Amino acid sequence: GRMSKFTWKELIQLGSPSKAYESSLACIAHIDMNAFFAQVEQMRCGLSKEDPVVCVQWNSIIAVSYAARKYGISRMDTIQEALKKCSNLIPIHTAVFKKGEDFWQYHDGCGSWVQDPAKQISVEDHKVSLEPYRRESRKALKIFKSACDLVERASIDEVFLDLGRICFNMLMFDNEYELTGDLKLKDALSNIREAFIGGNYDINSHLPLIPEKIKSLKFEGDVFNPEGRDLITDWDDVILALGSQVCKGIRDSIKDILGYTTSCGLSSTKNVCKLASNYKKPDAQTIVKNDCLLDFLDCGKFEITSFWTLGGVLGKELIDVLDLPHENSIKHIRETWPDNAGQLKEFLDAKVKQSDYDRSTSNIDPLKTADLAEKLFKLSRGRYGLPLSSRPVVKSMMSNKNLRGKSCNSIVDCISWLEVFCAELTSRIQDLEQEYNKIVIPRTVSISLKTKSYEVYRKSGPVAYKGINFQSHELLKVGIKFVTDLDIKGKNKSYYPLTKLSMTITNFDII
């Protein structure tokens, strides 16, 4: 065409962390450390990524390495079942707390699969610690925060990156990058760079057409192109290619410094990014161009239920409520309401109003349908761009134990368990303090139990600190007092042995 399909406004928008995600030109990444717990144990025990390791808790498998999966092992399997699929399996049990001890510890060469009765990790007196995974995640997150100025911690093993600044800055100012032996970005993109510093454009003006010398710019990773479309046809393509390069370097850092492999989804929107990181794994990168967004969504592997918020009960409700076919529901949503979000909105209002349609258990806000339609309209088209957003502050933290057998028959027994809970909540407060770079101190403690016959007892109250700071010993002390008060409360009633015991902290001052 004569001009690009994009404006200067939308390009310059890339350079503002608050608005960059709204640009059609946005370059978002979703990076997943797959089989995270297995990777962490592999690296700790000096093993390779091709070693069939399985992370184990009790008799179940919680993480399965991709090497282990070659043998048909899945989380579905027990350790005994997985060992009949691959006798060379390397099960590694999580760290555990022992009842009464204030620290966790690894019991290597111990597990329910080893014959020696000496080398067991009894479920009855032990509690699992996920601290080693928390810590490793923290190391990753610091390396991500180092390479990019807007990182969302989507979960323990997944982040989103907004690569707009980085990309926009490469595009305009990076005089070091070279496409070939003789070709450099500064020469190839001299026209866009001279126009931009010149300042003579109107922001709403369309961009200049991309130069031919940019078409040799290489994507890093696997560009999803079923229909064999051209790789670089406009500026959104240029930014994305740059992103993939930047994104590869970041992932190599994770591998170089910590040894973890990742999958990466690169695209304009967060939901499309997450689909792509999962599309091939492990150690892979998938780029989804804007012009392939419909090729990607329609490939066959996705349905309306594949999206972040639609994976569960609300997802089903929509299939029902929108009479969507059990295949190509996304496409089906595009064509039925082809022109605008509102068409979906009115339909919803009509279905919204029906005798069969519940109002009581409905996961659908009647007031909030305006947005629900726009979400779906745009999600169906791969243009639903949310901002990268910090997770809100914690309100509650809990550490409990499901007790079986008669281990818990006394106040003394309960107190041994509280020690483990305190130990654990202390290390979790610490993870939080680093995440926030702020002191976190809880003012309220709650002690909960379930009796022999599954009745619930509970006691909340303040915890006081002799110092300005938080001290685990003051949390325990209050816990002990509550546990003791509940003992008296249950004297000639159904009580021991307990079947469940827990500690919860709330009312944090993030001073």
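Residue numbers run from 1 along the displayed sequence. Basically, rigid core = biggest C-alpha set you can superpose within 1.5 Å across the two forms.
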Would you mind working out which of 489 to 497 and 19 to 27 sits farther from this form in 4 other deposited structures of this protein by RMS C-alpha distance, with the rigid core as the fit? 489 to 497
Higher C-alpha RMS shift from the shown form in 4 other deposited structures of this protein - 336 to 344 or 94 to 102, rigid core fit: 336 to 344
If you average the Cα B factors in the entry, which is higher, 399 to 407 or 348 to 356? 348 to 356
Average Cα temperature factor in the PDB entry - higher stretch of 437 to 445, 263 to 271: 437 to 445
Identity of residue with top Cα B-factor, from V463, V53, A29, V40: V463
Determine which member of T426, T94, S205, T336 has the highest CA B-factor, using the values in the deposited entry. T336
CA B-factor placement of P325, once the chain's modelled residues are sorted into thirds: highest
Taking the C-alpha B-factors as the PDB entry records them, is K477 in the lowest, middle or highest third of its chain? middle
Of the three thirds of Cα B-factor ranks in this chain, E419 occupies the lowest
Lowest, middle or highest third - CA B-factor, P387: middle
With respect to C-alpha B-factor, does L293 fall in the lowest, middle or highest third of the chain as deposited? middle
